[PDB]
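Peer 1: experimental coordinates follow, after the sequence.
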Amino acid sequence: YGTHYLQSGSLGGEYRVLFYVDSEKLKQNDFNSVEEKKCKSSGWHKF
Amino acid sequence: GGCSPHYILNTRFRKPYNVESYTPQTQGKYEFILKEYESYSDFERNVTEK
Ligand SMILES: *[C@@H]1O[C@H](CO)[C@@H](O[C@@H]2O[C@H](CO)[C@@H](O)[C@H](O)[C@H]2NC(C)=O)[C@H](O)[C@H]1NC(C)=O
C-alpha cells in the first residue's frame, strides 16, 4: 500500500515529447599531378 | 456477494471476490531510434613512361 495516501489532487493526462535529430555530412577530394620529360640530341658533321 | 458498482467508461463490471482491484491505469511509452551511417573511399592513379 506504500507510504502515503492522497489527501487531495487533480486528475487528468500528461503528454510529453522528446524528439532529436543529428545529421553530419563530409566530402573531401584530393588530386595530384606530376609531368616530367627529358630530351637530348648529339651529332656533328656524319654522326 | 460483492456487487459493488465498478465502472470502466459506461460498462459496469462485477469484480471477483479474489481480486482487490482491476483499474484502467492507462499509459503509453513510444520509443524510436534511427541510425544511418555511410562511408565511401576512392583511390586512383595514372602513370606513364616513354
Ligand atoms: C586516368 O585517365 C583517365 C583517362 O583520361 C581519366 O578518366 C578521364 O578523365 C577525364 C577528366 O576527368 C574525363 O573527361 C574522361 O571522360 C575520363 N575517361 C575515363 C575513361 O574515365 C582518369 O580520371 C585518370 N585517373 C587518374 C587518377 O589520373
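Peer 2: That came in fine, so what should we check first? Numbers count the residues shown, from 1 in each chain, chains lettered A, B, ... in the order given.
Peer 1: contact partners for residue B:22?
Peer 2: Taking Cβ atoms under 8 Å, 6 or more residues apart in numbering or on different chains as the criterion, residue B:22 is in contact with B:6, B:13, B:15. Every residue, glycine included, has its C-beta placed from N, CA and C.
Peer 1: can you tell me the SS state at it?
Peer 2: coil (DSSP: H, G, I helix; E, B strand; the rest coil).
Peer 1: sorry, back to before: mind putting the contacts of residue B:22 into TSV with distance to residue A:17?
Peer 2: Shown next, in TSV, are those (distance: Cβ to Cβ, whole Å):
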residue	distance to residue A:17
B:6	34
B:13	34
B:15	36
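Peer 1: give me the buried subset of the residues you listed.
Peer 2: Among the contacts of residue B:22, not one counts as buried by 16 or more other Cβ atoms under 10 Å in any protein chain shown.
Peer 1: from those residues, which is closest to the ligand?
Peer 2: residue B:13 (76.8 Å; Cβ to the nearest ligand atom).
Peer 1: what about the strands in chain B?
Peer 2: For chain B, strands defined by DSSP state E occupy the ranges B:6-8, B:11-13.
Peer 1: would CSV of the ones you listed with distance to residue A:7 be doable?
Peer 2: Converted to CSV, these look like this (distance: least, Cβ to Cβ, whole Å):
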stretch, distance to residue A:7
strand B:6-8, 24
strand B:11-13, 28
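Peer 1: how close does the residue of chain A found nearest the ligand sit to residue A:27?
Peer 2: Residue nearest to the ligand within chain A: residue A:33 (7.4 Å; Cβ to the nearest ligand atom). Between residue A:33 and residue A:27 the computed distance is 21 Å (Cβ to Cβ, to the nearest Å).
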